[PDB]
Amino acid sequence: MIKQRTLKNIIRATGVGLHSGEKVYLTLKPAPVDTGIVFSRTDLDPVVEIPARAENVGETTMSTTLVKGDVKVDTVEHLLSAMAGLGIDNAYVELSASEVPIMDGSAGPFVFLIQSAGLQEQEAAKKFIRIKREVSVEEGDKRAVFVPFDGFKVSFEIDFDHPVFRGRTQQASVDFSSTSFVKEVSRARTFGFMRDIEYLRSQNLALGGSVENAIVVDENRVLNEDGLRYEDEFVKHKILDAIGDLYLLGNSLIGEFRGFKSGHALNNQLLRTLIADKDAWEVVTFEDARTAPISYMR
C-alpha cells in the first residue's frame, strides 16, 4: 500500500517574516498517523495550535493566513507547498512568531529541511482526495478550477501587461507524472512589483522583503542582478503557491488544478466550495502502489 509519511527527525531553521520583518524560529517535527500538518505558536502562553486546514484560513490578501481567534500564523503557503510536494501527511510546525520565515522566497529551503530531517513511512494507508466533477470559482476576470484528472497536474496562466512581462510565457501546465516538484517547481521565488512593494513599505509593511528573498520587477525590467532560476519562474511560483494552498484540503490530490490570474483568496474559496459538495470528490487509498496514478517515490 501507499503509506502515510512523516519526518524521521526534528529539524530547525531561522529566518525573518516577509510581512513583519520579525526574526522567527522554525521547527519541523514528526507527528502520528492522521495528524495532518499542525502549526503551533510556541511563543504564546498557553501555546496555541492551529491545524493546517481550509476551514482555518482567515485573510488571504497577501499570503495565506491560518487563524484561531486572535492568534494567527501568516504566510504558510511556501512551507505547505514543500510538504505537499514531498507527500508529507503528518508533521508539527513550531513557530516563535506569527509568520513563517520567508527564507529565500521559494519552497526550496523547506524541501531542504524536510529531506534533511528524513522521510518516515508510517503504518497506515495514505488518503487521497480524487476530483470527480469539475468545480470552479471566480472573481472578476480571475478563475480557479478543479478538474478530474487521473494523476496530479497543476496548470496556471498569468496575464500581466507590463513591459517586463512582454514575450514571457506566462503559462505552464505541470503533469507530475514526468515533472519533478523538487527540481522544477520548488525553487521558484516569490515576486513583487516595485510600485506595490513601495506602497507596502510606506505603511511599514513587507519589512522582511529584499532582493535576497523575492524577485522584484519595475514596469520594465527584473531588478535582481542574477536574473531568474527558471526561464518561467513567475508562473512556476504561482503553481508553487497553488500547491501549498491546495494542501489545506488535508490530503494529496488526484486531479488537476487550473488557475487563471488567481491568488490565495480564490484558492481558498475553491477549497471550501469543493469540500462542501460531496458529489464532486471522494477519498481513496491504494493497497497496490503500482495501480496508483500518483507516486511519492523518493
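Residue indices: 1-based, along the sequence shown. Between two forms, the rigid core is defined as the largest C-alpha subset superposing within 1.5 Å.
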Could you check whether 155 to 163 or 111 to 119 drifts more from the shown form in 9 other deposited structures of this protein, using RMS Cα distance once the core is superposed?
155 to 163
Looking at C-alpha RMS in 9 other deposited structures of this protein with the core superposed, is it 199 to 207 or 127 to 135 that drifts more?
199 to 207
Could you check which stretch, 33 to 41 or 55 to 63, carries the larger mean CA temperature factor in the entry?
55 to 63
Once average C-alpha B-factors are taken from the entry for 221 to 229 and 109 to 117, the winner is 221 to 229
Name the one of 93, 145, 124, 103 with the greatest CA B-factor according to the PDB entry.
124
Third of the chain's Cα B-factor distribution that residue 255 belongs to, per the entry
middle
Looking at the C-alpha B-factor of residue 244, is it in the lowest, middle or highest third of its chain?
lowest
Lowest, middle or highest third: where is residue 289 by C-alpha B factor in its chain?
highest
Test of reading the entry: by CA B factor among the chain's modelled residues, which third contains residue 178?
highest
Comparing residue 198 with the other modelled residues of its chain, is its CA B-factor in the lowest, middle or highest third?
middle
